[PDB]
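*Asks:* Here's my sequence, what's the structure:
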Amino acid sequence: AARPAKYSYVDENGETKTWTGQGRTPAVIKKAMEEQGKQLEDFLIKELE
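*Replies:* Numbers count the residues shown, from 1 in each chain. And now the structure:
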């Protein structure tokens, strides 16, 4: 078994942090959903079946 996260996001220089979908939505993911109209697939790195 493994846990290589589920999503990844940026701040300035490149990829900065990652997330699994557990708990409160990360601030950049939240702002992308609400102020850029995005969905999680823009940040997804593994599987979303």
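*Asks:* Okay, helices next: where are they in this structure?
*Replies:* Taking DSSP state H as the criterion, the chain contains helices spanning 27-35.
*Asks:* Next up, the contacts around residue 19.
*Replies:* 5-9, 26, 29, 43 (C-beta atoms under 8 Å, 6 or more residues apart in numbering). From N, CA and C alone the C-beta is placed, and that goes for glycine too.
*Asks:* what about residue 43, distance to residue 13?
*Replies:* 17 Å (C-beta to C-beta, to the nearest Å).
*Asks:* Residue 44: how many residues sit nearby?
*Replies:* Applying other C-beta atoms under 10 Å, we find 13 residues neighbouring residue 44.
*Asks:* Any buried residues in stretch 22-36, and which?
*Replies:* Buried residues in stretch 22-36, defined by neighbour count with 16 or more other C-beta atoms under 10 Å: 28-29, 32.
*Asks:* of those residues, closest to residue 21?
*Replies:* Using C-beta to C-beta, residue 29 comes nearest to residue 21 of the buried residues of stretch 22-36, at 9.9 Å.
*Asks:* So which residue is dead centre in the chain?
*Replies:* residue 7 (3.7 Å; C-alpha atoms, centre = their mean).
*Asks:* Can you name the residues bridging to that residue?
*Replies:* Beta-bridge pairing of residue 7 under DSSP bridges involves residue 19, residue 44.
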